[PDB]
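**Student:** Okay, here's the structure, questions in a sec.
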Amino acid sequence: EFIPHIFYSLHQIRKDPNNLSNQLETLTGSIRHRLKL
Amino acid sequence: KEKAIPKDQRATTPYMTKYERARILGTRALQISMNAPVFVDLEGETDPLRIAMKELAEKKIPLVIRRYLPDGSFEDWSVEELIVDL
Amino acid sequence: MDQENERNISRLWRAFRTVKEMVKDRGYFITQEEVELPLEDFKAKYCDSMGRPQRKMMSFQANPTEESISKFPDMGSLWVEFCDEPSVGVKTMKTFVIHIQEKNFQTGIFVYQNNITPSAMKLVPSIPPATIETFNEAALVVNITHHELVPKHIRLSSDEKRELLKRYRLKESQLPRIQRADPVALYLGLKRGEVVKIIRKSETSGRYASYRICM
Amino acid sequence: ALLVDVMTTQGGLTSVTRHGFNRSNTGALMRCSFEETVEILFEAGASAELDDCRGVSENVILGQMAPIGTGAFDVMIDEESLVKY
Amino acid sequence: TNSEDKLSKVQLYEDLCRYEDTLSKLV
Amino acid sequence: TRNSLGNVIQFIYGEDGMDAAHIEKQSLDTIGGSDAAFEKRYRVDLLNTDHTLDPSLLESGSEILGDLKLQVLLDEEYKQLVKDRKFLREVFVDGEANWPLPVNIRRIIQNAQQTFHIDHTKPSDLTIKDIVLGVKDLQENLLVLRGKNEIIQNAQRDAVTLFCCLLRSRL
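Residue numbers (PDB author numbering), protein chains in the order written: chain A, 64 to 100; chain B, 70 to 155; chain C, 1 to 215; chain D, 1369 to 1453; chain E, 31 to 57; chain F, 856 to 1026.
Structure follows, in structure tokens:
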């Protein structure tokens, strides 16, 4: 399953941009992983 | 003809040694220098060794290497099917 | 209790343990507990009231395991007997030979203390297909196979010998050879024309296997 | 490793001298090549010894091509590929 | 060869395509 | 390796069948070091907080945590490393680590890092399955002897044992 994970990661992006760049980069990498699969 | 090994039961390396390479180049250079037909598109070369290398590059030398096992049997490998490192 | 008594007792116990190790290594069935018998039990059993070592009660018969029989169908029972006399006479050797023959044993081990008369050893090869092998007591105190420089040897069956000979495409006179008087050959009891495999360590590949033939 | 394996391959310690190598089973000319020529020739004659002419020295004496590297194989012509062209 | 042509014919293929493009722009 | 009469002197040249000019000094990292350093360096655990992978290293670090097949594979790998340590300490009782061997793996890895301009500040898109299976397959594709009976198979594994040990050590 990639659809709910994409949704959720999308929402903690749009909820907390104030996270340090580390979390943003890691989470974007996670979304790139899910759409790659 | 009992010595010859069937093609399926060939258990020698599929790469060609430096000794086989030098022997093949020497034989081909001699044959070219004795006015043998050339199988490739010669382009401005006048040295039999370089034309031998050129023919080797496109894998067009029509020779076969026979490899002698210690007991006396032998294994036949065409020059076309031998992998040459570069 | 003079010191020489317990010195000789300890050396004899050492030789007994070494002989048991050898018999186990020849493919026979020997328990680990029997190999590790402490010297106190040895003194309790194989010594009289005066502490004299009663060698004559130590003779025993051993039989091959299931695995050895499967690998070597021809292998049979073995008998081992000690001799009390400082020198073995002709009559004692004849009695031992007759005992082995009537027991119909394929091989026997005769351990002597100091010396054997030439007429006694005249009878050694006179009982085919039985084999008689002698081991001087002073040479069995320490197990040779337990040294660091001695690699591990294994014996090969007829089928394994044939398969190796075919696969390497060889005739038996081109393999490396090992003599009969070689101590490990006596230990394993190799006859003429038998192939022994060697496993060894190597700086370049870790483990390496060689082969040799008994000539 | 090779030197040690050669020295102890006959079941015993074979020294690198005439007594160890020139008393081996190798070819007559090979053995007579160094240090005991005439006596080895005499003994080979008296025992009717057969030489096989496969070592390097026997192919150097007879002026032929030893099986050494480039000489370990034969070069032959393939008719199928030649006709295919 | 006609398989990919049929796959490109249905809209949701283009949908996943520009969705991938949009995430590429976002990254 | 034979002679003019055909007698075998060695069943393989050098016991590994390698040319003498393709061999350089390389260090086996499994032999030396205390058990704590070994455990920290080579052990990975997806269920214990002590020995987890930091999710900022692996691109899929978030989802992999808590899986079952992955930890089984990692356990097999760690058992292999332990057996390798035991064997290597059996061979070299002095505890030395530098021995001559073929292929300089350090230079190959450095070339891979230099050529692709790899930036360490970003997550990598690798997969544990892919790494383990790739290393095992590469071991499967190392050949010196090309027989077919069991004898040649045993000889070839015996030949390539130590190199496989180093390869497992580095990757």
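C-beta atoms are modelled at their ideal positions from N, C-alpha and C, and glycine is treated no differently.
Apart from the five residues on each side of it in sequence, which residues of its chain come closer than 6 Å, Cβ to Cβ, to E879 (chain F)?
**Tutor:** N959, listed in sequence order.
**Student:** Would you kindly report the start and end of the unbroken alpha helix (DSSP H) that includes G1388 (chain D)?
**Tutor:** Element bounds for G1388 (chain D): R1386 to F1389.
**Student:** I need the straight-line Cα distance from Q3 (chain C) to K45 (chain C), nearest angstrom please.
**Tutor:** Distance between the alpha carbons of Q3 (chain C) and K45 (chain C) is about 20 Å.
**Student:** With 8 Å as the threshold, decide whether the Cβ of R1012 (chain F) is near any Cβ in chain B.
**Tutor:** Not one chain B Cβ lies under 8 Å of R1012 (chain F).
**Student:** Of the residues C:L188, C:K197 and C:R167, which one's Cα is nearest the Cα of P176 (chain C)?
**Tutor:** Ranking C:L188, C:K197 and C:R167 by Cα distance to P176 (chain C) puts C:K197 first.
**Student:** When the distance is taken between beta carbons, is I1007 (chain F) closer than 8 Å to residue 1327 (chain D)?
**Tutor:** The shown model of chain D, from 1369 to 1453, leaves out residue 1327 (chain D), and the question about it has no answer.
**Student:** According to the neighbour-count rule (16 or more other Cβ atoms, all chains shown, within 10 Å of its Cβ), is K20 (chain C) buried or exposed?
**Tutor:** So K20 (chain C) ends up on the buried side.
**Student:** Give a yes or no on whether the C-beta atoms belonging to residue 1027 (chain F) and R898 (chain F) are separated by under 8 Å.
**Tutor:** An answer regarding residue 1027 (chain F) cannot be provided, because it is not within the stretch 856 to 1026 covered by chain F.
**Student:** Could you work out which residues of chain C lie near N953 (chain F), taking near to mean beta carbons separated by less than 8 Å?
**Tutor:** Correct list: empty, because the minimum Cβ distance to chain C is about 11 Å.
**Student:** Using a Cβ-Cβ cutoff of 7 Å, what residues of the region 121–140 of chain B are near chain D? List them in chain order.
**Tutor:** Flagged, chain order: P131, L132, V133, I134, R135, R136 and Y137.
**Student:** At least one CB of chain F closer than 8 Å to the CB of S157 (chain C): is that the case?
**Tutor:** Chain F contact via Cβ: absent.
**Student:** So, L943 (chain F) versus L998 (chain F), is the Cβ gap smaller than 8 Å?
**Tutor:** No, the pair does not count as a contact, with Cβ atoms beyond the cut-off.
**Student:** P957 (chain F) and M873 (chain F) - do their beta-carbons sit closer together than 8 Å?
**Tutor:** In contact: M873 (chain F) and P957 (chain F) (Cβ atoms closer than 8 Å).
**Student:** Here's the rule: buried if 16 or more other CB atoms are within 10 angstroms of the residue's CB, otherwise exposed. What is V1372 (chain D)?
**Tutor:** Exposed is the call here.
**Student:** Identify each residue in the region 31–43 of chain E for which the Cβ-Cβ distance to at least one residue of chain A is less than 7 Å, and report them in chain order.
**Tutor:** Within the region 31–43 of chain E, no residue has a Cβ that lies closer than 7 Å to any Cβ of chain A.
**Student:** According to a CB-to-CB cut-off of less than 8 Å, which residues of the region 1384–1395 of chain D neighbour chain F?
**Tutor:** Listed in sequence order: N1393, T1394 and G1395.
**Student:** Can you list, in chain order, the stretches of the beta strand (DSSP E) that have 3 or more residues and sit fully within the region 80–161 of chain C?
**Tutor:** Counting whole runs of 3 or more residues, the region 80–161 of chain C contains the beta strand (DSSP E) stretches 107–112, 131–136 and 152–155.
**Student:** Do you know how far the Cα of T131 (chain C) is from the Cα of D890 (chain F)?
**Tutor:** For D890 (chain F) and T131 (chain C), the distance between alpha carbons rounds to 54 Å.
**Student:** I want to verify the contact list: residues of chain A whose CB lies under 8 Å from the CB of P978 (chain F), in sequence order.
**Tutor:** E88, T89 and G92, listed in chain order.
**Student:** When burial is assigned at 16 or more other CB atoms within 10 Å of the CB, is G92 (chain A) buried or exposed?
**Tutor:** Buried: at least 16 other Cβ atoms inside 10 Å.
**Student:** If you compare alpha carbons, which of C:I178, C:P183 and C:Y187 is closest to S210 (chain C)?
**Tutor:** Of the listed residues, the one whose Cα sits closest to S210 (chain C) is C:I178.
**Student:** Are three or more beta carbon pairs between the region 125–142 of chain C and the region 158–173 of chain C nearer than 8 Å?
**Tutor:** No contact exists between the region 125–142 of chain C and the region 158–173 of chain C.
**Student:** Between the region 174–196 of chain C and chain F, which residues of the former have CB atoms less than 9 Å from a CB of the latter, in chain order?
**Tutor:** Residues passing the 9 Å Cβ filter: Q174, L175 and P176.
**Student:** Do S1024 (chain F) and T1394 (chain D) come within 8 Å of each other at the CB atom, strictly closer than that value?
**Tutor:** No; because the gap between Cβ atoms is not below 8 Å, this pair is not in contact.
**Student:** Looking at the unbroken alpha helix (DSSP H) that takes in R79 (chain B), where does it start and where does it end?
**Tutor:** Element bounds for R79 (chain B): n/a, residue is neither H nor E.
**Student:** Let's test the definition: count the other Cβ atoms within 10 Å of the Cβ of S142 (chain B) and tell me whether it reaches 16, buried, or not, exposed.
**Tutor:** Flag for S142 (chain B) reads exposed.
**Student:** When the Cβ atoms of the region 1427–1444 of chain D are set against those of the region 127–141 of chain B, are three or more pairs found closer than 8 Å?
**Tutor:** Judged by Cβ distances under 8 Å, the region 1427–1444 of chain D makes contact with the region 127–141 of chain B, as three or more pairs qualify.
**Student:** Check each candidate in C:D159, C:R55 and C:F29 and name the one with the smallest Cα separation from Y112 (chain C).
**Tutor:** Measuring from the Cα of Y112 (chain C), the nearest candidate turns out to be C:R55.
**Student:** In the DSSP assignment, the beta strand (DSSP E) including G206 (chain C) goes from what residue to what residue?
**Tutor:** First-last of the beta strand (DSSP E) with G206 (chain C): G206 to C214.
**Student:** State buried or exposed for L1381 (chain D), treating a residue as buried only when at least 16 other CB atoms are found within 10 Å of its CB.
**Tutor:** Flag for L1381 (chain D) reads exposed.
**Student:** Following the continuous alpha helix (DSSP H) through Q61 (chain C), name the residue where it begins and the one where it ends.
**Tutor:** Not the alpha helix (DSSP H): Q61 (chain C) falls in the beta strand (DSSP E), residues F60 to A62.
**Student:** For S119 (chain C), count neighbouring C-beta atoms within 10 Å of its own C-beta (all shown protein chains included) and say buried if the count is 16 or more, exposed if not.
**Tutor:** Exposed: under 16 other Cβ atoms inside 10 Å.
**Student:** The beta strand (DSSP E) with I973 (chain F) in it runs from where to where?
**Tutor:** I973 (chain F) -> no beta strand (DSSP E), and no H or E assigned at all.
**Student:** Just confirm the distance between the C-beta atoms of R1386 (chain D) and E1411 (chain D), as a whole number of angstroms; I'd bet it's less than 8 Å.
**Tutor:** That belief does not hold up - the Cβ atoms of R1386 (chain D) and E1411 (chain D) are roughly 13 Å apart, past 8 Å.
**Student:** So, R79 (chain B) versus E124 (chain B), is the Cβ gap smaller than 8 Å?
**Tutor:** Cβ distance not < 8 Å, so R79 (chain B) and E124 (chain B) don't count as in contact.
**Student:** Which first and last residues belong to the beta strand (DSSP E) in which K20 (chain C) is found?
**Tutor:** Unbroken run through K20 (chain C) is the alpha helix (DSSP H), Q3 to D25; no beta strand (DSSP E).
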